[PDB]
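This is start25.txt (compact mmCIF, N, CA and C atoms).
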```
# COMPACT_ATOMS: atom_id res chain seq x y z
N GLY P 1 -35.62 -7.81 55.25
CA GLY P 1 -36.18 -8.83 56.12
C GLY P 1 -36.96 -8.23 57.28
N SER P 2 -36.26 -7.95 58.37
CA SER P 2 -36.89 -7.38 59.56
C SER P 2 -37.61 -6.07 59.21
N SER P 3 -38.92 -6.15 59.06
CA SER P 3 -39.72 -4.98 58.73
C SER P 3 -40.82 -4.76 59.77
N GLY P 4 -40.61 -3.79 60.66
CA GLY P 4 -41.59 -3.50 61.69
C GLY P 4 -42.67 -2.55 61.20
N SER P 5 -43.77 -2.49 61.95
CA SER P 5 -44.88 -1.62 61.59
C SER P 5 -44.74 -0.25 62.25
N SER P 6 -44.56 0.78 61.43
CA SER P 6 -44.40 2.14 61.93
C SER P 6 -45.02 3.15 60.97
N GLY P 7 -45.46 4.28 61.52
CA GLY P 7 -46.07 5.31 60.69
C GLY P 7 -45.34 6.64 60.80
N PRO P 8 -45.32 7.39 59.69
CA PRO P 8 -44.65 8.70 59.63
C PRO P 8 -45.39 9.76 60.45
N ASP P 9 -45.04 11.02 60.23
CA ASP P 9 -45.66 12.12 60.94
C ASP P 9 -46.90 12.62 60.20
N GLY P 10 -46.99 12.29 58.91
CA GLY P 10 -48.12 12.71 58.11
C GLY P 10 -49.01 11.54 57.71
N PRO P 11 -50.06 11.84 56.93
CA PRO P 11 -51.01 10.82 56.47
C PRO P 11 -50.39 9.87 55.45
N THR P 12 -50.68 8.58 55.60
CA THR P 12 -50.15 7.57 54.70
C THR P 12 -51.19 6.50 54.39
N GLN P 13 -50.86 5.60 53.47
CA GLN P 13 -51.77 4.53 53.09
C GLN P 13 -53.12 5.10 52.64
N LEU P 14 -53.08 6.20 51.90
CA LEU P 14 -54.29 6.84 51.41
C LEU P 14 -55.11 5.88 50.55
N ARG P 15 -56.37 5.69 50.91
CA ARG P 15 -57.25 4.80 50.17
C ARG P 15 -58.49 5.54 49.68
N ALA P 16 -59.10 5.04 48.61
CA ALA P 16 -60.29 5.65 48.04
C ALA P 16 -61.55 4.92 48.50
N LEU P 17 -62.28 5.53 49.42
CA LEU P 17 -63.51 4.94 49.94
C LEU P 17 -64.64 5.04 48.92
N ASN P 18 -65.72 4.31 49.16
CA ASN P 18 -66.87 4.32 48.27
C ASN P 18 -67.62 5.65 48.36
N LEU P 19 -67.72 6.35 47.24
CA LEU P 19 -68.41 7.63 47.19
C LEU P 19 -69.89 7.46 47.53
N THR P 20 -70.53 8.57 47.90
CA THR P 20 -71.95 8.55 48.25
C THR P 20 -72.73 9.58 47.44
N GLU P 21 -73.84 9.15 46.86
CA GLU P 21 -74.68 10.04 46.06
C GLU P 21 -73.82 11.01 45.25
N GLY P 22 -72.72 10.50 44.71
CA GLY P 22 -71.83 11.33 43.91
C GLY P 22 -70.99 12.26 44.76
N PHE P 23 -70.42 11.72 45.84
CA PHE P 23 -69.59 12.51 46.74
C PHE P 23 -68.20 11.90 46.87
N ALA P 24 -67.19 12.62 46.38
CA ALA P 24 -65.81 12.15 46.44
C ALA P 24 -65.08 12.76 47.63
N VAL P 25 -64.51 11.90 48.47
CA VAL P 25 -63.78 12.35 49.65
C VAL P 25 -62.46 11.61 49.80
N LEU P 26 -61.58 12.14 50.64
CA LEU P 26 -60.28 11.53 50.87
C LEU P 26 -60.24 10.81 52.22
N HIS P 27 -59.42 9.77 52.31
CA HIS P 27 -59.29 9.01 53.54
C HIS P 27 -57.83 8.67 53.82
N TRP P 28 -57.32 9.15 54.95
CA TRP P 28 -55.94 8.90 55.34
C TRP P 28 -55.86 8.33 56.75
N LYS P 29 -54.80 7.58 57.03
CA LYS P 29 -54.60 6.98 58.34
C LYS P 29 -53.74 7.87 59.22
N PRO P 30 -54.28 8.23 60.40
CA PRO P 30 -53.57 9.09 61.36
C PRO P 30 -52.38 8.38 62.00
N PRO P 31 -51.20 9.00 61.92
CA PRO P 31 -49.97 8.45 62.48
C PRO P 31 -49.97 8.47 64.01
N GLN P 32 -49.04 7.74 64.61
CA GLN P 32 -48.94 7.67 66.06
C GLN P 32 -49.25 9.02 66.69
N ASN P 33 -48.68 10.08 66.13
CA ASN P 33 -48.90 11.43 66.64
C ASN P 33 -49.71 12.26 65.64
N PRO P 34 -50.85 12.79 66.11
CA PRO P 34 -51.73 13.62 65.28
C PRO P 34 -51.12 14.97 64.95
N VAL P 35 -51.35 15.43 63.72
CA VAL P 35 -50.82 16.72 63.28
C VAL P 35 -51.75 17.86 63.67
N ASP P 36 -51.41 19.07 63.24
CA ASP P 36 -52.22 20.25 63.55
C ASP P 36 -53.15 20.58 62.39
N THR P 37 -52.60 20.64 61.19
CA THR P 37 -53.38 20.95 60.00
C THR P 37 -52.92 20.14 58.80
N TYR P 38 -53.87 19.65 58.01
CA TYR P 38 -53.55 18.86 56.83
C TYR P 38 -53.66 19.69 55.56
N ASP P 39 -52.59 19.69 54.77
CA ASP P 39 -52.56 20.45 53.53
C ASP P 39 -52.95 19.57 52.34
N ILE P 40 -54.09 19.88 51.73
CA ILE P 40 -54.58 19.12 50.59
C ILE P 40 -54.54 19.95 49.32
N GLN P 41 -54.08 19.34 48.23
CA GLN P 41 -53.99 20.03 46.95
C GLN P 41 -54.62 19.19 45.84
N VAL P 42 -55.72 19.70 45.28
CA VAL P 42 -56.42 19.00 44.21
C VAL P 42 -56.15 19.65 42.86
N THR P 43 -55.70 18.85 41.89
CA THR P 43 -55.41 19.36 40.56
C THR P 43 -55.70 18.30 39.50
N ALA P 44 -55.86 18.75 38.25
CA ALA P 44 -56.14 17.84 37.15
C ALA P 44 -55.79 18.49 35.81
N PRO P 45 -55.66 17.65 34.77
CA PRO P 45 -55.33 18.12 33.42
C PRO P 45 -56.47 18.90 32.78
N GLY P 46 -56.50 20.20 33.01
CA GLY P 46 -57.55 21.04 32.45
C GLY P 46 -58.43 21.65 33.51
N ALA P 47 -58.72 20.88 34.56
CA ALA P 47 -59.56 21.35 35.65
C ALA P 47 -58.85 22.42 36.47
N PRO P 48 -59.63 23.32 37.08
CA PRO P 48 -59.10 24.41 37.91
C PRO P 48 -58.49 23.90 39.21
N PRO P 49 -57.45 24.60 39.70
CA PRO P 49 -56.77 24.24 40.94
C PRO P 49 -57.63 24.49 42.17
N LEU P 50 -57.52 23.60 43.15
CA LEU P 50 -58.29 23.72 44.39
C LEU P 50 -57.39 23.60 45.61
N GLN P 51 -57.52 24.55 46.53
CA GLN P 51 -56.71 24.55 47.75
C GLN P 51 -57.60 24.66 48.98
N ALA P 52 -57.29 23.85 49.99
CA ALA P 52 -58.06 23.85 51.23
C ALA P 52 -57.22 23.32 52.40
N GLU P 53 -57.81 23.34 53.59
CA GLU P 53 -57.11 22.86 54.78
C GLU P 53 -58.10 22.30 55.80
N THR P 54 -57.61 21.42 56.67
CA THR P 54 -58.46 20.80 57.68
C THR P 54 -57.70 20.65 59.00
N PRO P 55 -58.44 20.75 60.12
CA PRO P 55 -57.86 20.63 61.46
C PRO P 55 -57.41 19.20 61.77
N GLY P 56 -56.34 19.08 62.54
CA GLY P 56 -55.83 17.77 62.90
C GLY P 56 -56.89 16.88 63.51
N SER P 57 -57.99 17.49 63.95
CA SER P 57 -59.08 16.75 64.57
C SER P 57 -59.98 16.13 63.50
N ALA P 58 -59.47 16.04 62.28
CA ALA P 58 -60.23 15.47 61.17
C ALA P 58 -59.43 14.39 60.45
N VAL P 59 -60.11 13.32 60.06
CA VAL P 59 -59.46 12.22 59.36
C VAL P 59 -60.09 11.98 58.00
N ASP P 60 -60.69 13.03 57.44
CA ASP P 60 -61.34 12.93 56.14
C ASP P 60 -61.72 14.31 55.61
N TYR P 61 -61.50 14.53 54.32
CA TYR P 61 -61.81 15.81 53.70
C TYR P 61 -62.57 15.61 52.39
N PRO P 62 -63.91 15.71 52.46
CA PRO P 62 -64.78 15.54 51.29
C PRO P 62 -64.65 16.70 50.31
N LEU P 63 -64.32 16.37 49.06
CA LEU P 63 -64.17 17.39 48.03
C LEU P 63 -65.39 17.42 47.11
N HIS P 64 -65.87 18.62 46.82
CA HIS P 64 -67.04 18.79 45.95
C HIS P 64 -66.69 19.64 44.74
N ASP P 65 -67.67 19.86 43.87
CA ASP P 65 -67.48 20.66 42.67
C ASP P 65 -66.46 20.00 41.74
N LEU P 66 -66.43 18.67 41.76
CA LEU P 66 -65.50 17.92 40.92
C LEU P 66 -66.20 17.39 39.67
N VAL P 67 -65.55 17.53 38.52
CA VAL P 67 -66.11 17.07 37.26
C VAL P 67 -66.15 15.55 37.20
N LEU P 68 -67.36 14.99 37.15
CA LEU P 68 -67.54 13.55 37.09
C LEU P 68 -66.47 12.90 36.20
N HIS P 69 -66.59 13.13 34.90
CA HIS P 69 -65.63 12.57 33.94
C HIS P 69 -64.31 13.34 33.98
N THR P 70 -63.57 13.17 35.08
CA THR P 70 -62.29 13.85 35.24
C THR P 70 -61.54 13.31 36.45
N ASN P 71 -60.29 12.90 36.22
CA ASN P 71 -59.46 12.36 37.30
C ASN P 71 -58.81 13.49 38.10
N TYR P 72 -59.27 13.67 39.33
CA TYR P 72 -58.74 14.71 40.20
C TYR P 72 -57.67 14.15 41.14
N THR P 73 -56.46 14.69 41.04
CA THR P 73 -55.35 14.25 41.88
C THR P 73 -55.22 15.11 43.13
N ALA P 74 -55.36 14.48 44.29
CA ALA P 74 -55.26 15.19 45.56
C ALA P 74 -53.96 14.84 46.28
N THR P 75 -53.41 15.81 47.00
CA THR P 75 -52.17 15.61 47.74
C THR P 75 -52.29 16.11 49.17
N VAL P 76 -52.46 15.18 50.10
CA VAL P 76 -52.59 15.52 51.51
C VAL P 76 -51.23 15.57 52.19
N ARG P 77 -51.09 16.46 53.17
CA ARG P 77 -49.84 16.61 53.90
C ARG P 77 -50.10 16.83 55.39
N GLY P 78 -49.03 16.86 56.17
CA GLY P 78 -49.16 17.06 57.60
C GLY P 78 -48.30 18.21 58.11
N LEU P 79 -48.95 19.27 58.57
CA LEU P 79 -48.24 20.44 59.09
C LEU P 79 -47.86 20.24 60.55
N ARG P 80 -46.61 19.88 60.80
CA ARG P 80 -46.12 19.66 62.15
C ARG P 80 -45.00 20.64 62.49
N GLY P 81 -45.36 21.75 63.12
CA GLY P 81 -44.37 22.75 63.49
C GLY P 81 -43.73 23.41 62.28
N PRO P 82 -42.48 23.87 62.44
CA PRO P 82 -41.74 24.53 61.37
C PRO P 82 -41.34 23.56 60.26
N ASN P 83 -41.78 22.31 60.39
CA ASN P 83 -41.47 21.29 59.39
C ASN P 83 -42.74 20.71 58.79
N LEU P 84 -42.58 19.83 57.81
CA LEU P 84 -43.72 19.20 57.15
C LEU P 84 -43.60 17.68 57.19
N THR P 85 -44.69 17.00 56.86
CA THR P 85 -44.71 15.54 56.86
C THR P 85 -44.73 15.00 55.43
N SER P 86 -44.70 13.67 55.31
CA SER P 86 -44.71 13.02 54.01
C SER P 86 -46.07 13.17 53.34
N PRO P 87 -46.08 13.71 52.12
CA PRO P 87 -47.31 13.92 51.35
C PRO P 87 -47.92 12.60 50.87
N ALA P 88 -49.24 12.59 50.70
CA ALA P 88 -49.94 11.40 50.25
C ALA P 88 -50.89 11.73 49.10
N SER P 89 -50.62 11.16 47.93
CA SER P 89 -51.45 11.40 46.75
C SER P 89 -52.14 10.12 46.31
N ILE P 90 -53.28 10.26 45.65
CA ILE P 90 -54.04 9.11 45.16
C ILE P 90 -54.97 9.51 44.03
N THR P 91 -55.24 8.57 43.13
CA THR P 91 -56.12 8.82 42.00
C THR P 91 -57.50 8.22 42.23
N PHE P 92 -58.53 9.05 42.08
CA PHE P 92 -59.90 8.60 42.28
C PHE P 92 -60.85 9.32 41.33
N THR P 93 -61.60 8.55 40.55
CA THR P 93 -62.55 9.11 39.60
C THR P 93 -63.78 9.67 40.31
N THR P 94 -64.33 10.75 39.78
CA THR P 94 -65.51 11.38 40.36
C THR P 94 -66.78 10.86 39.70
N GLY P 95 -66.70 9.67 39.12
CA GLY P 95 -67.86 9.09 38.46
C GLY P 95 -67.87 7.57 38.55
N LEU P 96 -68.49 7.05 39.60
CA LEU P 96 -68.56 5.60 39.80
C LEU P 96 -70.01 5.15 39.94
N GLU P 97 -70.90 5.75 39.16
CA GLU P 97 -72.32 5.41 39.20
C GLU P 97 -73.02 5.85 37.92
N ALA P 98 -73.48 4.88 37.14
CA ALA P 98 -74.18 5.17 35.89
C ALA P 98 -74.77 3.91 35.28
N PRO P 99 -75.95 4.04 34.67
CA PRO P 99 -76.65 2.91 34.03
C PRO P 99 -75.94 2.43 32.77
N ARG P 100 -75.84 1.11 32.63
CA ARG P 100 -75.18 0.52 31.47
C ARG P 100 -74.01 1.38 31.01
N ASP P 101 -73.15 1.74 31.95
CA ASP P 101 -71.98 2.57 31.64
C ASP P 101 -70.69 1.84 32.00
N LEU P 102 -70.68 1.23 33.18
CA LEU P 102 -69.50 0.50 33.65
C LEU P 102 -69.66 -1.00 33.40
N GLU P 103 -70.79 -1.55 33.82
CA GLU P 103 -71.06 -2.97 33.64
C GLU P 103 -71.27 -3.30 32.16
N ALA P 104 -72.19 -2.59 31.53
CA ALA P 104 -72.49 -2.81 30.12
C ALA P 104 -71.36 -2.28 29.23
N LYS P 105 -71.36 -2.70 27.97
CA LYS P 105 -70.34 -2.27 27.02
C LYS P 105 -70.81 -1.06 26.23
N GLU P 106 -72.11 -0.99 25.98
CA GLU P 106 -72.68 0.13 25.23
C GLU P 106 -71.99 0.29 23.88
N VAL P 107 -71.76 -0.83 23.20
CA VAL P 107 -71.11 -0.81 21.90
C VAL P 107 -72.06 -1.28 20.80
N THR P 108 -72.22 -0.45 19.77
CA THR P 108 -73.10 -0.77 18.66
C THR P 108 -72.36 -0.69 17.33
N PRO P 109 -71.72 -1.80 16.94
CA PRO P 109 -70.96 -1.88 15.69
C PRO P 109 -71.87 -1.86 14.46
N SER P 110 -71.72 -0.83 13.64
CA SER P 110 -72.52 -0.69 12.43
C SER P 110 -71.87 -1.42 11.26
N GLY P 111 -72.56 -2.44 10.75
CA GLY P 111 -72.03 -3.20 9.63
C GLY P 111 -73.08 -3.47 8.57
N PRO P 112 -73.50 -2.41 7.86
CA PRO P 112 -74.51 -2.51 6.80
C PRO P 112 -73.99 -3.25 5.58
N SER P 113 -74.84 -3.37 4.56
CA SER P 113 -74.46 -4.05 3.33
C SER P 113 -75.20 -3.46 2.13
N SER P 114 -74.65 -3.67 0.94
CA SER P 114 -75.26 -3.16 -0.28
C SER P 114 -74.74 -3.91 -1.51
N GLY P 115 -75.40 -3.70 -2.65
CA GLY P 115 -74.99 -4.37 -3.87
C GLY P 115 -76.17 -4.78 -4.72
```

Translate the structure of the given file into structure tokens.
Amino acid sequence: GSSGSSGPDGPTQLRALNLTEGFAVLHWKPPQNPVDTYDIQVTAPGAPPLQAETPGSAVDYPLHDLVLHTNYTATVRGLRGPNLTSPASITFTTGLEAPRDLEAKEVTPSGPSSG
């Protein structure tokens, strides 16, 4: 019942913003208290592992060199002292722009005949 609004020490409510000119980036909400460094981990089934970091003075980390047709899983964290914060993962495709690819069906059923 009684559910108040509060935020952890790390990034939460991770959402996938609209990519730009084929640019995939992460978006997290800064908790009451800002962290020092955010630990992000990008991985996928087959794709090479990617590791990076960003200063607490940042609320977004744009990832590049991502395979369009490939789901890259990122995991952001919050480095607060000798301890860590709650990790935040989200699924976002690196391909949200193409002609007659998403809207169209692009299906051509072949049904010839003979006799």

Note to self: Can you pull out the residues contacting residue 71 of chain P? Cut-off 12 Å, using only C-alpha atoms, and skip same-chain residues under 4 positions away; I want them as a VMD selection string.
What the structure shows: chain P and resid 24 42 to 47 66 to 67 90 to 96

Could those selected residues go to a file with N, CA and C atoms, as a JSON list (two decimals), in the coordinates of the input?
```
[["chain", "number", "residue", "atom", "x", "y", "z"],
["P", 24, "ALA", "N", -67.19, 12.62, 46.38],
["P", 24, "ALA", "CA", -65.81, 12.15, 46.44],
["P", 24, "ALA", "C", -65.08, 12.76, 47.63],
["P", 42, "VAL", "N", -55.72, 19.70, 45.28],
["P", 42, "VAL", "CA", -56.42, 19.00, 44.21],
["P", 42, "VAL", "C", -56.15, 19.65, 42.86],
["P", 43, "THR", "N", -55.70, 18.85, 41.89],
["P", 43, "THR", "CA", -55.41, 19.36, 40.56],
["P", 43, "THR", "C", -55.70, 18.30, 39.50],
["P", 44, "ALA", "N", -55.86, 18.75, 38.25],
["P", 44, "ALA", "CA", -56.14, 17.84, 37.15],
["P", 44, "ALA", "C", -55.79, 18.49, 35.81],
["P", 45, "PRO", "N", -55.66, 17.65, 34.77],
["P", 45, "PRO", "CA", -55.33, 18.12, 33.42],
["P", 45, "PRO", "C", -56.47, 18.90, 32.78],
["P", 46, "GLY", "N", -56.50, 20.20, 33.01],
["P", 46, "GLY", "CA", -57.55, 21.04, 32.45],
["P", 46, "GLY", "C", -58.43, 21.65, 33.51],
["P", 47, "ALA", "N", -58.72, 20.88, 34.56],
["P", 47, "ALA", "CA", -59.56, 21.35, 35.65],
["P", 47, "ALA", "C", -58.85, 22.42, 36.47],
["P", 66, "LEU", "N", -66.43, 18.67, 41.76],
["P", 66, "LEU", "CA", -65.50, 17.92, 40.92],
["P", 66, "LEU", "C", -66.20, 17.39, 39.67],
["P", 67, "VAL", "N", -65.55, 17.53, 38.52],
["P", 67, "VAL", "CA", -66.11, 17.07, 37.26],
["P", 67, "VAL", "C", -66.15, 15.55, 37.20],
["P", 90, "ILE", "N", -53.28, 10.26, 45.65],
["P", 90, "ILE", "CA", -54.04, 9.11, 45.16],
["P", 90, "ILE", "C", -54.97, 9.51, 44.03],
["P", 91, "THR", "N", -55.24, 8.57, 43.13],
["P", 91, "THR", "CA", -56.12, 8.82, 42.00],
["P", 91, "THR", "C", -57.50, 8.22, 42.23],
["P", 92, "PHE", "N", -58.53, 9.05, 42.08],
["P", 92, "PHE", "CA", -59.90, 8.60, 42.28],
["P", 92, "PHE", "C", -60.85, 9.32, 41.33],
["P", 93, "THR", "N", -61.60, 8.55, 40.55],
["P", 93, "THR", "CA", -62.55, 9.11, 39.60],
["P", 93, "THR", "C", -63.78, 9.67, 40.31],
["P", 94, "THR", "N", -64.33, 10.75, 39.78],
["P", 94, "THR", "CA", -65.51, 11.38, 40.36],
["P", 94, "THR", "C", -66.78, 10.86, 39.70],
["P", 95, "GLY", "N", -66.70, 9.67, 39.12],
["P", 95, "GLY", "CA", -67.86, 9.09, 38.46],
["P", 95, "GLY", "C", -67.87, 7.57, 38.55],
["P", 96, "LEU", "N", -68.49, 7.05, 39.60],
["P", 96, "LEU", "CA", -68.56, 5.60, 39.80],
["P", 96, "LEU", "C", -70.01, 5.15, 39.94]]
```

Notebook entry, point to check: Got a sec: who's within 6 Å of residue 40 of chain P, counting only N, CA and C atoms, leaving out chain neighbours fewer than 5 positions off, as a PyMOL selection string?
Noted result: chain P and resi 50-53+74-77

Notebook entry, point to check: For the point (-55.5, 5.5, 48.9) in file coordinates, what residues are within 6.5 Å, counting all atoms listed in the file? Give the answer as a list in words?
Noted result: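 Residues close enough to count: residues 13, 14, 15, 16, 27, 89 and 90 of chain P.
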
Any chance you could export the current selection's N, CA and C atoms as a short mmCIF file (atom, residue, chain, number, x, y, z; two decimals), in the coordinates of the input?
```cif
data_model
loop_
_atom_site.label_atom_id
_atom_site.label_comp_id
_atom_site.auth_asym_id
_atom_site.auth_seq_id
_atom_site.Cartn_x
_atom_site.Cartn_y
_atom_site.Cartn_z
N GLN P 13 -50.86 5.60 53.47
CA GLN P 13 -51.77 4.53 53.09
C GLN P 13 -53.12 5.10 52.64
N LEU P 14 -53.08 6.20 51.90
CA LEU P 14 -54.29 6.84 51.41
C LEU P 14 -55.11 5.88 50.55
N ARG P 15 -56.37 5.69 50.91
CA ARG P 15 -57.25 4.80 50.17
C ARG P 15 -58.49 5.54 49.68
N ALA P 16 -59.10 5.04 48.61
CA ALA P 16 -60.29 5.65 48.04
C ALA P 16 -61.55 4.92 48.50
N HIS P 27 -59.42 9.77 52.31
CA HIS P 27 -59.29 9.01 53.54
C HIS P 27 -57.83 8.67 53.82
N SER P 89 -50.62 11.16 47.93
CA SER P 89 -51.45 11.40 46.75
C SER P 89 -52.14 10.12 46.31
N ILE P 90 -53.28 10.26 45.65
CA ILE P 90 -54.04 9.11 45.16
C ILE P 90 -54.97 9.51 44.03
#
```

Note to self: Among segment 26-56 of chain P, which ones does DSSP assign to strand (DSSP E or B) (computed from the backbone)? Answer as a PyMOL selection string.
What the structure shows: chain P and resi 26-29+37-43+50-55

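With atom CA of residue 25 of chain P on one side and atom CA of residue 61 of chain P on the other, the separation reads 5.7 Å.
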
Checklist line | P:70, P:58, P:82, P:107 ranked by distance to residue 38 of chain P, top pick (using all atoms listed in the file) | finding: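 So, comparing all the options, the nearest one is P:58.
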
Note to self: Just want the 6.5 Å neighbourhood of residue 55 of chain P, counted on only N, CA and C atoms, with same-chain residues fewer than 4 positions away dropped. Output as a VMD selection string.
What the structure shows: chain P and resid 35 to 38

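Near residue 10 of chain P, within a cut-off of 8 Å and counting all atoms listed in the file, sit the residues residues 28, 29, 30, 31, 32, 33, 34, 35, 76, 77, 78, 79, 80, 84, 85, 86, 87 and 88 of chain P, with same-chain residues fewer than 6 positions away left out.
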
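Atom N of residue 59 of chain P lies 18.2 Å from atom C of residue 20 of chain P.
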
Where is the centre and how long are the edges: axis-aligned box on segment 79-94 of chain P, 3 Å on each side, Å to one decimal, as lines of an AutoDock Vina configuration file:
```
center_x = -54.1
center_y = 16.4
center_z = 51.5
size_x = 31.4
size_y = 22.3
size_z = 29.9
```

Next item on the list: Using only N, CA and C atoms, find the one residue out of P:23, P:99, P:41, P:109 that sits nearest to residue 63 of chain P.
Entry: P:23

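Separating atom N of residue 105 of chain P from atom N of residue 22 of chain P is a distance of 21.4 Å.
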
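With distances restricted to all atoms listed in the file, P:54 is the closest residue to residue 39 of chain P from P:26, P:65, P:54, P:113.
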
Dump C-alpha atoms of segment 36-93 of chain P from the given block, as a CSV table (one decimal), in the first residue's frame.
```csv
chain,number,residue,atom,x,y,z
P,36,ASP,CA,31.5,9.3,-8.8
P,37,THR,CA,31.8,6.9,-11.7
P,38,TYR,CA,29.3,4.8,-13.6
P,39,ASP,CA,30.3,1.3,-14.6
P,40,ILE,CA,28.8,0.2,-17.9
P,41,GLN,CA,29.1,-3.3,-19.4
P,42,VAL,CA,28.0,-4.1,-23.0
P,43,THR,CA,27.7,-7.7,-24.1
P,44,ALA,CA,25.8,-9.8,-26.6
P,45,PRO,CA,25.4,-13.3,-28.0
P,46,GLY,CA,28.4,-13.5,-30.4
P,47,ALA,CA,29.4,-9.8,-30.3
P,48,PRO,CA,32.7,-8.8,-28.6
P,49,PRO,CA,32.7,-7.5,-25.0
P,50,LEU,CA,32.8,-3.8,-24.3
P,51,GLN,CA,34.0,-2.0,-21.2
P,52,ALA,CA,33.9,1.7,-20.4
P,53,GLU,CA,33.4,4.3,-17.6
P,54,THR,CA,31.9,7.8,-17.2
P,55,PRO,CA,32.2,10.6,-14.6
P,56,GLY,CA,29.4,11.2,-12.2
P,57,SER,CA,29.0,14.5,-14.0
P,58,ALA,CA,27.4,12.6,-16.9
P,59,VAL,CA,23.9,11.3,-17.3
P,60,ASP,CA,24.3,9.5,-20.6
P,61,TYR,CA,26.8,7.2,-22.3
P,62,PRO,CA,26.6,6.9,-26.1
P,63,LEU,CA,27.8,3.6,-27.4
P,64,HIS,CA,29.3,3.1,-30.9
P,65,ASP,CA,30.7,0.3,-33.0
P,66,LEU,CA,27.5,-1.7,-32.4
P,67,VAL,CA,26.2,-4.2,-34.9
P,68,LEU,CA,22.9,-2.9,-36.3
P,69,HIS,CA,21.2,-6.3,-36.4
P,70,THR,CA,22.3,-7.3,-32.9
P,71,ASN,CA,20.8,-6.9,-29.4
P,72,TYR,CA,23.4,-5.3,-27.2
P,73,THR,CA,22.8,-5.7,-23.4
P,74,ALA,CA,24.3,-2.9,-21.3
P,75,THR,CA,24.7,-2.8,-17.5
P,76,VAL,CA,25.2,0.5,-15.8
P,77,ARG,CA,26.3,0.8,-12.2
P,78,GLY,CA,27.2,3.4,-9.6
P,79,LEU,CA,30.6,3.5,-7.9
P,80,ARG,CA,30.0,5.0,-4.5
P,81,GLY,CA,33.1,4.6,-2.2
P,82,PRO,CA,34.2,1.1,-1.2
P,83,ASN,CA,30.7,-0.1,-2.1
P,84,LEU,CA,28.6,-0.3,-5.2
P,85,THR,CA,25.0,0.7,-6.3
P,86,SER,CA,22.2,-1.2,-7.9
P,87,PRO,CA,22.9,-2.2,-11.5
P,88,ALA,CA,20.6,-1.2,-14.4
P,89,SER,CA,20.3,-3.2,-17.5
P,90,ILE,CA,18.1,-2.7,-20.6
P,91,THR,CA,17.6,-4.1,-24.1
P,92,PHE,CA,17.9,-1.8,-27.1
P,93,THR,CA,18.3,-2.7,-30.8
```
